[PDB]
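S.K.: Have a look at the structure that comes next, please.
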Amino acid sequence: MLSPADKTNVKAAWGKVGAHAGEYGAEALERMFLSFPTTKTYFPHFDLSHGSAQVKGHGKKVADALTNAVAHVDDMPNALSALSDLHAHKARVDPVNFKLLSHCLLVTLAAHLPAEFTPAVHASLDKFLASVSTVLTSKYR
Amino acid sequence: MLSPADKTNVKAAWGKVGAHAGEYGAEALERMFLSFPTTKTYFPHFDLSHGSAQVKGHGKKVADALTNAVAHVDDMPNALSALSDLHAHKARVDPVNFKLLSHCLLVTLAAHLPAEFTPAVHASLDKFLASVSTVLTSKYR
Amino acid sequence: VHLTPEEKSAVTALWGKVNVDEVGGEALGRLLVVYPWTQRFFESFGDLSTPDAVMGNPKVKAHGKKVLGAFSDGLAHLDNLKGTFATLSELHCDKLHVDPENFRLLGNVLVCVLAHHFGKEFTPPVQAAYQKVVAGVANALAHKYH
Amino acid sequence: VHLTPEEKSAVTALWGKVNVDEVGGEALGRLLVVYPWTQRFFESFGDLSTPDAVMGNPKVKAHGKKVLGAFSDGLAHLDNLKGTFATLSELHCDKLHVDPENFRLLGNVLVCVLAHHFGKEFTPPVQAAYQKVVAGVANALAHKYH
Ligand code: HEM
Ligand code: HEM
Ligand code: HEM
Ligand code: HEM
């Protein structure tokens, strides 16, 4: 569970993300595709080329969802219900892939928020992404 | 989240384990040590030789806790509070390992409860060990 | 694989007693049941709505036999699983879009089925050797992913 | 590793800019902070009660430098990691009893540290090369476990 500290940390760092969430979402996807190519098996229908509008479009969607989880940090299971359902019933992404995205999301933030990406914030953000991942995967079986 | 069918399935299966749970505890560990030799890193102080009383004794301990968990299938978090503490603050086993012991436990049950190890029961037990794992690793950070 | 002559014999010998037909249908059905999300590649198979429906589905059974078949043939090239599954590896990547993690899930399911079937015979030391093979096979199949 | 020449150059170029003393301390400190369970191996290090306690602990800093020192050497023998790391692998297993998963956690932490430090210079593709590298080291370090 996320502590008050964690919540402050996450709202703070995500606060800084601001209007760049979209671009950061897209960047995280690209890093994942390049480092963990097995993740591409879920996007056979996408142009995964550098600067793909599809990836760009997808990045915004993921960022918007994360932004929505920060906005409802005290009720994530409910704020994310719909997406939990989608992932469980349609997309059916294997759980291990969540940790790969999380990781690439951490890299992107680190690369963009040098001043806020402190040890403490890093830890809070990691626990956060783990929680989001747990929710999205909660209805799998 | 365990469904009513799951809880049933689990209580049935474990019901059959009976007086052999300790023995199955021991056998699972033995299978774990051999199949995933990295797990031995948490037992440097044990005699990991076949039929070692340390392994035997530990097997019992694990079985009993599993039993207790089946009994409180409804209140796991609370029934295993002390155990979650122990693992989080003392033992500090890496979470990847819980999946290895879980698998070895399935294999053991499979091998000993042929009639009872149906596909539906196999599914329930897996989810059960996953739930137990989650509980035992919930206070890690 | 990294199989000791002894571990090689243990694998080899148990396998000789395996009914590929039955084991393959069971491994694959159990996979679809324990890890429901794997059903994403078998929409065209039909009714997978229930354990009973999966285990009974003949499209499932027949696919199981084809999978264990190829697996079975791989045990003959334990010194080069990589070269043995190269084309199967490209196919799974390039045509099927199967996440290699699934290879791992099946491997584990496979081990549960063997235990299920051989009870006593499937000892800790025999499980260890099979674990190295399933790992080995999954690795070989994943090998040409890009 | 499975490093294209251009991947090997990119690893090497960036690594030239790294202050192993500093990155070492940062990576190890962050590991004990993000995955507190990893602290199990350092109870003789003293106070690790808070992030400041960890990040600033002279013992953690010194150890981190040692670890990254060994890692840097690894980067010059990218052709024979298993070879390079054999005695260390033996030590971690037989003497220290360090679960190899720790090596993957550290690899991930290190990649975040490089991202932290190099910003935009840590491009998607440079990250992909480092991912291959930290995985190779982790594997090399686990090779002698038994
Ligand atoms: C915490 C991490 C994740 C978040 C916040 C997230 C969120 C989303 C959102 C918001 C959508 C779009 C749904 C819509 O159309 O309204 C989506 C779709 C999708 N996601 Fe997830 N997801 C996550 C993890 C993953 C992972 C790890 C994968 C696989 C590597 C994945 C695979 C997909 C796929 C294949 C789609 C459908 C895309 C399309 O065809 O347009 N997701 N996700
Ligand atoms: C299925 C989930 C698990 C359960 C229910 C479980 C339960 C237990 C129990 C009941 C004890 C003994 C507590 C006491 O002495 O009062 C224990 C201790 C311990 N467990 Fe866990 N355990 C689980 C998973 C694991 C795993 C996967 C590992 C490592 C690979 C592990 C490592 C240990 C160690 C090292 C000890 C202390 C042994 C000793 O020094 O005697 N446990 N666990
Ligand atoms: C032991 C590991 C596996 C082996 C040796 C294997 C082998 C095969 C073989 C020999 C085929 C026949 C298709 C052809 O040759 O054109 C096939 C097809 C296929 N496999 Fe795999 N497979 C394995 C694991 C998996 C897993 C775990 C999944 C998904 C859960 C999967 C999904 C598929 C699908 C969707 C097809 C296409 C069948 C069709 O055309 O209807 N495979 N596989
Ligand atoms: C990149 C991977 C790593 C490398 C190259 C590395 C290298 C080293 C070296 C050179 C030493 C000193 C050897 C000696 O005392 O003779 C050492 C010691 C040690 N390492 Fe590793 N290490 C790595 C990862 C880790 C991790 C991730 C952990 C724990 C989470 C760890 C735990 C230890 C411990 C506990 C010691 C002994 C400390 C003491 O002197 O009391 N190492 N390591």
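Residue numbers start at 1 in each chain; chains themselves are named A, B, ... in the order of the structure tokens; ligands are numbered from 1 in the order shown.
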May I have the residues of chain A within 8 Å of chain D, counting only C-alpha atoms, written as a list in words?
M.R.: residues 27, 30, 31, 34, 35, 36, 103, 106, 107, 108, 110, 111, 112, 113, 114, 117, 119, 120, 122, 123 and 126 of chain A
S.K.: Give the superposed chain A as a compact mmCIF listing (two decimals) with N, CA and C atoms, in the first residue's frame, the fit being least squares on chain B over all ordered C-alpha pairs.
M.R.:
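Below is the file result-v9.txt, written as the result:
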# COMPACT_ATOMS: atom_id res chain seq x y z
N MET A 1 -8.94 -12.42 -6.54
CA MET A 1 -9.68 -12.91 -5.37
C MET A 1 -10.21 -14.32 -5.64
N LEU A 2 -10.36 -15.06 -4.55
CA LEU A 2 -10.86 -16.44 -4.60
C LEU A 2 -12.39 -16.45 -4.62
N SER A 3 -12.94 -17.17 -5.58
CA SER A 3 -14.41 -17.30 -5.71
C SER A 3 -14.87 -18.43 -4.79
N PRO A 4 -16.17 -18.51 -4.58
CA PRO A 4 -16.77 -19.56 -3.72
C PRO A 4 -16.31 -20.91 -4.24
N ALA A 5 -16.28 -21.01 -5.56
CA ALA A 5 -15.84 -22.24 -6.25
C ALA A 5 -14.43 -22.64 -5.83
N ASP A 6 -13.53 -21.68 -5.99
CA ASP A 6 -12.13 -21.79 -5.59
C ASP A 6 -12.03 -22.27 -4.13
N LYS A 7 -12.81 -21.60 -3.27
CA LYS A 7 -12.76 -21.95 -1.82
C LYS A 7 -13.16 -23.38 -1.57
N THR A 8 -14.20 -23.82 -2.27
CA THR A 8 -14.67 -25.22 -2.14
C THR A 8 -13.58 -26.18 -2.60
N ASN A 9 -13.00 -25.80 -3.74
CA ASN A 9 -11.94 -26.59 -4.37
C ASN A 9 -10.73 -26.77 -3.46
N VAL A 10 -10.30 -25.67 -2.87
CA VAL A 10 -9.14 -25.64 -1.98
C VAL A 10 -9.36 -26.39 -0.68
N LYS A 11 -10.53 -26.21 -0.08
CA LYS A 11 -10.86 -26.91 1.20
C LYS A 11 -10.93 -28.41 0.94
N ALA A 12 -11.49 -28.72 -0.22
CA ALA A 12 -11.64 -30.11 -0.67
C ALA A 12 -10.29 -30.77 -0.88
N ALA A 13 -9.45 -30.23 -1.75
CA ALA A 13 -8.12 -30.80 -2.04
C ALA A 13 -7.23 -30.82 -0.81
N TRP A 14 -7.20 -29.71 -0.07
CA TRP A 14 -6.40 -29.63 1.16
C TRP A 14 -6.94 -30.60 2.21
N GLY A 15 -8.24 -30.84 2.14
CA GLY A 15 -8.91 -31.77 3.06
C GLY A 15 -8.27 -33.15 2.94
N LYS A 16 -8.03 -33.54 1.70
CA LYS A 16 -7.42 -34.82 1.33
C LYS A 16 -5.98 -34.90 1.79
N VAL A 17 -5.32 -33.75 1.75
CA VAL A 17 -3.90 -33.69 2.17
C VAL A 17 -3.82 -34.29 3.58
N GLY A 18 -4.76 -33.83 4.39
CA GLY A 18 -4.92 -34.27 5.77
C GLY A 18 -3.60 -34.26 6.53
N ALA A 19 -3.31 -35.41 7.10
CA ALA A 19 -2.14 -35.68 7.93
C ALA A 19 -0.84 -35.85 7.17
N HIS A 20 -0.89 -35.64 5.87
CA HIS A 20 0.30 -35.76 5.02
C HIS A 20 0.89 -34.40 4.70
N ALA A 21 0.19 -33.35 5.08
CA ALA A 21 0.65 -31.97 4.80
C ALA A 21 2.13 -31.81 5.13
N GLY A 22 2.53 -32.27 6.29
CA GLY A 22 3.92 -32.17 6.75
C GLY A 22 4.87 -32.74 5.71
N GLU A 23 4.66 -34.01 5.39
CA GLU A 23 5.50 -34.74 4.41
C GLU A 23 5.47 -34.08 3.05
N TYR A 24 4.31 -33.56 2.69
CA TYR A 24 4.15 -32.90 1.38
C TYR A 24 4.92 -31.58 1.40
N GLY A 25 4.92 -30.89 2.51
CA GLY A 25 5.63 -29.61 2.71
C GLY A 25 7.13 -29.84 2.50
N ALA A 26 7.60 -30.88 3.17
CA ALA A 26 9.01 -31.29 3.07
C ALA A 26 9.39 -31.63 1.64
N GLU A 27 8.54 -32.38 0.96
CA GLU A 27 8.78 -32.81 -0.42
C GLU A 27 8.84 -31.63 -1.38
N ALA A 28 7.95 -30.69 -1.17
CA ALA A 28 7.91 -29.47 -2.00
C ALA A 28 9.23 -28.70 -1.86
N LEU A 29 9.75 -28.65 -0.65
CA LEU A 29 11.02 -27.94 -0.37
C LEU A 29 12.15 -28.61 -1.17
N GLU A 30 12.24 -29.92 -0.98
CA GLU A 30 13.27 -30.70 -1.69
C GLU A 30 13.19 -30.51 -3.18
N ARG A 31 11.96 -30.54 -3.73
CA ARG A 31 11.84 -30.36 -5.20
C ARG A 31 12.37 -28.99 -5.58
N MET A 32 12.10 -27.97 -4.78
CA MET A 32 12.53 -26.59 -5.06
C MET A 32 14.05 -26.44 -5.04
N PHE A 33 14.66 -27.10 -4.06
CA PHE A 33 16.12 -27.07 -3.89
C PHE A 33 16.80 -27.69 -5.11
N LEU A 34 16.27 -28.79 -5.61
CA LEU A 34 16.82 -29.49 -6.76
C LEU A 34 16.56 -28.80 -8.09
N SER A 35 15.38 -28.25 -8.28
CA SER A 35 15.05 -27.59 -9.54
C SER A 35 15.45 -26.14 -9.65
N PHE A 36 15.43 -25.42 -8.56
CA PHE A 36 15.74 -23.98 -8.47
C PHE A 36 16.74 -23.80 -7.32
N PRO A 37 17.98 -24.17 -7.63
CA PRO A 37 19.09 -24.15 -6.67
C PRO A 37 19.40 -22.80 -6.06
N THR A 38 18.98 -21.74 -6.72
CA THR A 38 19.22 -20.38 -6.24
C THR A 38 18.45 -20.16 -4.95
N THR A 39 17.45 -20.97 -4.69
CA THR A 39 16.59 -20.85 -3.49
C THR A 39 17.31 -21.28 -2.23
N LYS A 40 18.41 -21.99 -2.44
CA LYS A 40 19.24 -22.51 -1.35
C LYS A 40 19.99 -21.41 -0.62
N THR A 41 20.16 -20.27 -1.27
CA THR A 41 20.89 -19.12 -0.70
C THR A 41 20.21 -18.58 0.54
N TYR A 42 18.96 -18.99 0.75
CA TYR A 42 18.19 -18.56 1.93
C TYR A 42 18.33 -19.53 3.08
N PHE A 43 18.92 -20.69 2.81
CA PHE A 43 19.03 -21.72 3.87
C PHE A 43 20.48 -22.15 4.04
N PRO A 44 21.37 -21.18 4.18
CA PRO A 44 22.79 -21.52 4.33
C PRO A 44 23.05 -22.30 5.61
N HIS A 45 22.18 -22.13 6.58
CA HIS A 45 22.26 -22.74 7.90
C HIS A 45 21.61 -24.11 8.04
N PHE A 46 21.13 -24.63 6.93
CA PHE A 46 20.45 -25.92 6.89
C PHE A 46 21.30 -27.02 6.26
N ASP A 47 20.99 -28.19 6.79
CA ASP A 47 21.57 -29.44 6.23
C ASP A 47 20.52 -29.69 5.12
N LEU A 48 20.89 -29.54 3.87
CA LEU A 48 19.89 -29.74 2.80
C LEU A 48 20.00 -31.14 2.23
N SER A 49 20.66 -32.00 3.00
CA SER A 49 20.84 -33.40 2.56
C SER A 49 19.46 -34.06 2.51
N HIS A 50 19.40 -35.09 1.71
CA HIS A 50 18.20 -35.91 1.52
C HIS A 50 17.81 -36.51 2.87
N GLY A 51 16.61 -36.13 3.29
CA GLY A 51 16.06 -36.63 4.55
C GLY A 51 16.58 -35.84 5.73
N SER A 52 16.92 -34.59 5.47
CA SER A 52 17.41 -33.71 6.55
C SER A 52 16.24 -33.47 7.51
N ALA A 53 16.55 -33.57 8.79
CA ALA A 53 15.52 -33.34 9.82
C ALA A 53 15.10 -31.87 9.78
N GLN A 54 16.06 -31.03 9.39
CA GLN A 54 15.82 -29.58 9.30
C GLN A 54 14.75 -29.28 8.24
N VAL A 55 14.93 -29.91 7.10
CA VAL A 55 14.00 -29.75 5.96
C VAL A 55 12.62 -30.29 6.36
N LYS A 56 12.67 -31.43 7.02
CA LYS A 56 11.48 -32.13 7.52
C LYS A 56 10.70 -31.22 8.48
N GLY A 57 11.47 -30.61 9.36
CA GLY A 57 10.95 -29.69 10.37
C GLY A 57 10.40 -28.44 9.71
N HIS A 58 11.12 -28.00 8.69
CA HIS A 58 10.71 -26.79 7.96
C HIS A 58 9.44 -27.05 7.15
N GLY A 59 9.38 -28.21 6.52
CA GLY A 59 8.21 -28.61 5.73
C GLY A 59 6.94 -28.57 6.56
N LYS A 60 7.02 -29.05 7.78
CA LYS A 60 5.85 -29.05 8.67
C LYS A 60 5.40 -27.63 8.94
N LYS A 61 6.40 -26.78 9.20
CA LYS A 61 6.06 -25.37 9.49
C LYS A 61 5.30 -24.73 8.35
N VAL A 62 5.75 -24.92 7.13
CA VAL A 62 5.10 -24.33 5.94
C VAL A 62 3.72 -24.94 5.74
N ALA A 63 3.64 -26.25 5.92
CA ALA A 63 2.37 -26.97 5.76
C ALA A 63 1.37 -26.45 6.78
N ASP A 64 1.79 -26.35 8.02
CA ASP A 64 0.94 -25.83 9.12
C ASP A 64 0.41 -24.45 8.78
N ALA A 65 1.28 -23.64 8.16
CA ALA A 65 0.85 -22.28 7.80
C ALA A 65 -0.19 -22.32 6.71
N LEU A 66 0.01 -23.21 5.74
CA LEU A 66 -0.95 -23.33 4.62
C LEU A 66 -2.29 -23.84 5.16
N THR A 67 -2.18 -24.83 6.02
CA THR A 67 -3.37 -25.43 6.66
C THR A 67 -4.15 -24.32 7.37
N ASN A 68 -3.42 -23.43 8.01
CA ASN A 68 -3.98 -22.29 8.73
C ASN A 68 -4.65 -21.28 7.80
N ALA A 69 -4.13 -21.13 6.59
CA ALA A 69 -4.70 -20.22 5.60
C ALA A 69 -6.00 -20.82 5.05
N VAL A 70 -6.05 -22.14 4.90
CA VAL A 70 -7.26 -22.82 4.41
C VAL A 70 -8.37 -22.64 5.47
N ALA A 71 -8.01 -22.85 6.72
CA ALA A 71 -8.91 -22.70 7.87
C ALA A 71 -9.48 -21.30 7.97
N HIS A 72 -8.79 -20.31 7.45
CA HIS A 72 -9.21 -18.91 7.51
C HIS A 72 -9.29 -18.28 6.14
N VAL A 73 -9.71 -19.06 5.17
CA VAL A 73 -9.83 -18.60 3.79
C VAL A 73 -10.58 -17.30 3.64
N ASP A 74 -11.43 -16.92 4.59
CA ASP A 74 -12.13 -15.62 4.42
C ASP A 74 -11.41 -14.51 5.19
N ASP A 75 -10.22 -14.77 5.72
CA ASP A 75 -9.50 -13.73 6.50
C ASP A 75 -8.00 -13.98 6.51
N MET A 76 -7.46 -14.38 5.39
CA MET A 76 -6.04 -14.71 5.25
C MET A 76 -5.06 -13.62 5.65
N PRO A 77 -5.32 -12.40 5.22
CA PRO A 77 -4.45 -11.26 5.54
C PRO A 77 -4.24 -11.16 7.04
N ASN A 78 -5.30 -11.42 7.79
CA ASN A 78 -5.23 -11.39 9.26
C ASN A 78 -4.65 -12.68 9.80
N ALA A 79 -5.13 -13.82 9.32
CA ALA A 79 -4.60 -15.11 9.80
C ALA A 79 -3.10 -15.24 9.54
N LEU A 80 -2.60 -14.54 8.52
CA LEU A 80 -1.19 -14.64 8.16
C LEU A 80 -0.33 -13.43 8.49
N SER A 81 -0.85 -12.40 9.09
CA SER A 81 -0.20 -11.17 9.48
C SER A 81 1.23 -11.34 10.02
N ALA A 82 1.38 -12.22 10.97
CA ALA A 82 2.60 -12.53 11.69
C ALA A 82 3.72 -12.99 10.77
N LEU A 83 3.33 -13.89 9.89
CA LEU A 83 4.23 -14.48 8.89
C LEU A 83 4.55 -13.45 7.83
N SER A 84 3.62 -12.56 7.56
CA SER A 84 3.81 -11.47 6.59
C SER A 84 4.93 -10.55 7.12
N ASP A 85 4.84 -10.28 8.41
CA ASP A 85 5.77 -9.45 9.17
C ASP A 85 7.17 -10.08 9.20
N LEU A 86 7.22 -11.35 9.51
CA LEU A 86 8.48 -12.09 9.58
C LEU A 86 9.25 -12.09 8.26
N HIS A 87 8.51 -12.36 7.19
CA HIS A 87 9.10 -12.44 5.85
C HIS A 87 9.57 -11.07 5.38
N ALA A 88 8.82 -10.03 5.72
CA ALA A 88 9.12 -8.66 5.33
C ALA A 88 10.30 -8.05 6.08
N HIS A 89 10.38 -8.34 7.36
CA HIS A 89 11.36 -7.76 8.25
C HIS A 89 12.57 -8.56 8.61
N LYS A 90 12.49 -9.88 8.61
CA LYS A 90 13.65 -10.69 9.00
C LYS A 90 14.20 -11.52 7.86
N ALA A 91 13.39 -12.44 7.38
CA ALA A 91 13.78 -13.36 6.30
C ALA A 91 14.09 -12.62 5.01
N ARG A 92 13.30 -11.63 4.66
CA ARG A 92 13.50 -10.82 3.45
C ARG A 92 13.83 -11.63 2.21
N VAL A 93 12.95 -12.59 1.95
CA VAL A 93 13.04 -13.45 0.76
C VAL A 93 12.58 -12.61 -0.43
N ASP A 94 13.32 -12.69 -1.52
CA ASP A 94 12.89 -11.94 -2.73
C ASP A 94 11.59 -12.59 -3.24
N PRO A 95 10.68 -11.73 -3.63
CA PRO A 95 9.37 -12.13 -4.13
C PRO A 95 9.33 -13.24 -5.14
N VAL A 96 10.25 -13.21 -6.11
CA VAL A 96 10.21 -14.22 -7.15
C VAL A 96 10.31 -15.63 -6.60
N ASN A 97 10.89 -15.80 -5.43
CA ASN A 97 11.06 -17.16 -4.90
C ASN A 97 9.74 -17.83 -4.50
N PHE A 98 8.75 -17.02 -4.20
CA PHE A 98 7.42 -17.47 -3.76
C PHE A 98 6.78 -18.31 -4.86
N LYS A 99 6.89 -17.80 -6.08
CA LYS A 99 6.32 -18.48 -7.25
C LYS A 99 7.00 -19.81 -7.50
N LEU A 100 8.24 -19.96 -7.05
CA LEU A 100 8.98 -21.20 -7.26
C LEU A 100 8.48 -22.28 -6.29
N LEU A 101 8.16 -21.85 -5.08
CA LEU A 101 7.67 -22.76 -4.05
C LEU A 101 6.26 -23.21 -4.42
N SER A 102 5.45 -22.22 -4.75
CA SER A 102 4.07 -22.47 -5.18
C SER A 102 4.06 -23.58 -6.23
N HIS A 103 4.89 -23.33 -7.23
CA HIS A 103 5.01 -24.30 -8.34
C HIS A 103 5.37 -25.67 -7.78
N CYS A 104 6.37 -25.76 -6.93
CA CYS A 104 6.78 -27.08 -6.42
C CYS A 104 5.73 -27.72 -5.53
N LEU A 105 4.88 -26.93 -4.94
CA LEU A 105 3.77 -27.34 -4.07
C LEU A 105 2.67 -27.97 -4.95
N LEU A 106 2.47 -27.37 -6.12
CA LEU A 106 1.50 -27.86 -7.10
C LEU A 106 1.95 -29.22 -7.62
N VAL A 107 3.23 -29.38 -7.89
CA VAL A 107 3.80 -30.63 -8.38
C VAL A 107 3.58 -31.75 -7.36
N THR A 108 3.92 -31.48 -6.12
CA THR A 108 3.76 -32.46 -5.03
C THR A 108 2.32 -32.94 -4.90
N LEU A 109 1.38 -32.00 -4.90
CA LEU A 109 -0.05 -32.33 -4.77
C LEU A 109 -0.50 -33.18 -5.96
N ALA A 110 -0.09 -32.76 -7.15
CA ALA A 110 -0.42 -33.47 -8.38
C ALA A 110 0.05 -34.92 -8.28
N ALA A 111 1.26 -35.09 -7.77
CA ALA A 111 1.89 -36.39 -7.67
C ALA A 111 1.25 -37.22 -6.58
N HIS A 112 0.48 -36.58 -5.72
CA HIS A 112 -0.09 -37.35 -4.60
C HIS A 112 -1.59 -37.50 -4.64
N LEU A 113 -2.27 -36.61 -5.32
CA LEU A 113 -3.72 -36.56 -5.42
C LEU A 113 -4.21 -36.63 -6.86
N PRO A 114 -3.92 -37.71 -7.54
CA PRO A 114 -4.32 -37.87 -8.95
C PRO A 114 -5.80 -37.67 -9.18
N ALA A 115 -6.63 -38.19 -8.30
CA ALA A 115 -8.08 -38.09 -8.46
C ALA A 115 -8.62 -36.71 -8.19
N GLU A 116 -8.03 -35.99 -7.25
CA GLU A 116 -8.55 -34.65 -6.96
C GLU A 116 -7.92 -33.56 -7.81
N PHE A 117 -6.73 -33.81 -8.32
CA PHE A 117 -5.99 -32.81 -9.10
C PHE A 117 -6.57 -32.62 -10.49
N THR A 118 -7.81 -32.19 -10.52
CA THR A 118 -8.50 -31.90 -11.77
C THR A 118 -8.11 -30.48 -12.22
N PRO A 119 -8.40 -30.22 -13.47
CA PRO A 119 -8.11 -28.93 -14.09
C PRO A 119 -8.62 -27.77 -13.26
N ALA A 120 -9.85 -27.94 -12.81
CA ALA A 120 -10.54 -26.93 -12.01
C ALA A 120 -9.87 -26.75 -10.65
N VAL A 121 -9.48 -27.84 -10.02
CA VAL A 121 -8.83 -27.82 -8.71
C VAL A 121 -7.43 -27.20 -8.85
N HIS A 122 -6.74 -27.54 -9.90
CA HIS A 122 -5.41 -27.06 -10.28
C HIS A 122 -5.41 -25.52 -10.32
N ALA A 123 -6.34 -24.97 -11.05
CA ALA A 123 -6.58 -23.56 -11.22
C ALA A 123 -6.86 -22.87 -9.88
N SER A 124 -7.74 -23.44 -9.10
CA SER A 124 -8.12 -22.93 -7.77
C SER A 124 -6.93 -22.90 -6.82
N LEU A 125 -6.15 -23.95 -6.83
CA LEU A 125 -4.96 -24.13 -6.00
C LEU A 125 -3.86 -23.14 -6.39
N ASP A 126 -3.78 -22.89 -7.68
CA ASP A 126 -2.79 -21.94 -8.23
C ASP A 126 -3.17 -20.53 -7.76
N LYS A 127 -4.43 -20.16 -7.95
CA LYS A 127 -4.89 -18.85 -7.48
C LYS A 127 -4.67 -18.75 -5.97
N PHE A 128 -4.86 -19.82 -5.26
CA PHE A 128 -4.72 -19.85 -3.80
C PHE A 128 -3.28 -19.56 -3.37
N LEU A 129 -2.37 -20.32 -3.94
CA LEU A 129 -0.94 -20.16 -3.60
C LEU A 129 -0.46 -18.75 -3.96
N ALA A 130 -1.04 -18.19 -5.02
CA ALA A 130 -0.70 -16.84 -5.45
C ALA A 130 -1.14 -15.81 -4.41
N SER A 131 -2.29 -16.02 -3.81
CA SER A 131 -2.90 -15.19 -2.78
C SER A 131 -2.08 -15.23 -1.50
N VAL A 132 -1.71 -16.43 -1.10
CA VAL A 132 -0.89 -16.62 0.10
C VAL A 132 0.43 -15.84 -0.09
N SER A 133 1.01 -16.01 -1.25
CA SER A 133 2.27 -15.37 -1.63
C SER A 133 2.14 -13.86 -1.58
N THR A 134 1.02 -13.34 -2.03
CA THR A 134 0.74 -11.91 -2.06
C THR A 134 0.69 -11.34 -0.64
N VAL A 135 0.10 -12.14 0.25
CA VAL A 135 -0.03 -11.73 1.65
C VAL A 135 1.35 -11.67 2.31
N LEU A 136 2.09 -12.75 2.20
CA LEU A 136 3.42 -12.87 2.80
C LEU A 136 4.40 -11.80 2.33
N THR A 137 4.09 -11.20 1.22
CA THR A 137 4.94 -10.20 0.56
C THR A 137 4.39 -8.80 0.60
N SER A 138 3.23 -8.65 1.20
CA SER A 138 2.50 -7.40 1.27
C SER A 138 3.18 -6.29 2.06
N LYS A 139 4.01 -6.65 3.03
CA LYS A 139 4.63 -5.63 3.89
C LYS A 139 6.08 -5.34 3.59
N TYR A 140 6.54 -5.74 2.42
CA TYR A 140 7.92 -5.62 1.99
C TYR A 140 8.44 -4.20 1.85
N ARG A 141 7.62 -3.28 1.43
CA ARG A 141 7.96 -1.87 1.28
C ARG A 141 6.72 -0.99 1.20
S.K.: Quick one: DSSP helix (DSSP H, G or I) residues in region 64-98 of chain B, as a PyMOL selection string?
M.R.: chain B and resi 64-71+76-79+81-91+96-98
S.K.: Find the residues near ligand 3. Use a cut-off of 6 Å, count only C-alpha atoms and all ligand atoms, and write them as a PyMOL selection string.
M.R.: chain C and resi 38+41+66-67+70-71+96+102-103+106
S.K.: Around ligand 4, at most 9 Å away and counting only C-alpha atoms and all ligand atoms, which residues are there? Put them as a CSV table (one decimal) with C-alpha atoms, in the first residue's frame, please.
M.R.:
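part-v5.csv, written as the output of this step:
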chain,number,residue,atom,x,y,z
D,28,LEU,CA,23.8,0.7,-4.5
D,31,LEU,CA,18.9,-0.4,-4.4
D,32,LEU,CA,18.7,-0.5,-0.6
D,37,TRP,CA,14.6,-6.3,1.4
D,38,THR,CA,18.0,-6.1,-0.2
D,39,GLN,CA,19.3,-4.6,3.0
D,40,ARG,CA,19.5,-8.2,4.4
D,41,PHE,CA,23.1,-8.5,3.3
D,42,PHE,CA,24.4,-5.3,4.9
D,44,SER,CA,27.1,-4.6,9.5
D,45,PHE,CA,26.9,-1.3,7.5
D,63,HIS,CA,30.8,-0.8,-1.4
D,64,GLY,CA,29.1,0.7,-4.4
D,66,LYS,CA,33.8,-1.7,-5.3
D,67,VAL,CA,30.8,-3.2,-7.2
D,68,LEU,CA,30.9,-0.8,-10.1
D,69,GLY,CA,34.7,-1.2,-10.2
D,70,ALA,CA,34.2,-4.9,-10.8
D,71,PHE,CA,31.4,-4.1,-13.3
D,72,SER,CA,33.6,-1.6,-15.3
D,73,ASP,CA,36.2,-4.4,-15.7
D,74,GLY,CA,33.3,-6.5,-17.1
D,85,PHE,CA,33.1,-13.1,-13.4
D,88,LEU,CA,33.0,-13.5,-8.1
D,89,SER,CA,30.1,-15.8,-9.1
D,91,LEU,CA,32.0,-16.1,-4.0
D,92,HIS,CA,28.5,-14.7,-4.1
D,95,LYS,CA,30.3,-17.4,0.7
D,96,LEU,CA,27.9,-14.5,0.5
D,97,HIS,CA,24.7,-16.5,-0.3
D,98,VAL,CA,23.3,-13.7,-2.5
D,99,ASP,CA,20.2,-14.6,-4.5
D,100,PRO,CA,21.0,-13.9,-8.1
D,101,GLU,CA,17.7,-11.9,-8.5
D,102,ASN,CA,19.6,-9.1,-6.6
D,103,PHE,CA,21.9,-8.8,-9.6
D,104,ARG,CA,18.9,-8.1,-11.9
D,105,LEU,CA,17.5,-5.5,-9.5
D,106,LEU,CA,20.8,-3.8,-9.4
D,107,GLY,CA,21.0,-3.8,-13.2
D,110,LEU,CA,21.8,1.2,-12.6
D,134,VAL,CA,23.2,-5.6,-17.3
D,137,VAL,CA,26.5,-9.4,-16.2
D,138,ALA,CA,23.6,-10.7,-14.0
D,141,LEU,CA,27.3,-13.6,-12.0
S.K.: When you draw a straight line from CA of residue 46 (chain D) to CA of residue 62 (chain D), how long is it in Å?
M.R.: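 Spanning CA of residue 46 (chain D) to CA of residue 62 (chain D) is a straight-line distance of 13.4 Å.
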S.K.: With only C-alpha atoms as the basis for distance, which of D:8, D:82, D:143, D:61 is at the shortest distance from chain C?
M.R.: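 When distances to chain C are compared using only C-alpha atoms, the smallest one comes from D:143.
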S.K.: Please measure the separation of atom 34 (C, counted along the ligand's line) of ligand 2 and CA of residue 47 (chain D), giving the value in Å to one decimal.
M.R.: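 Between atom 34 (C, counted along the ligand's line) of ligand 2 and CA of residue 47 (chain D) the gap works out to 24.1 Å.
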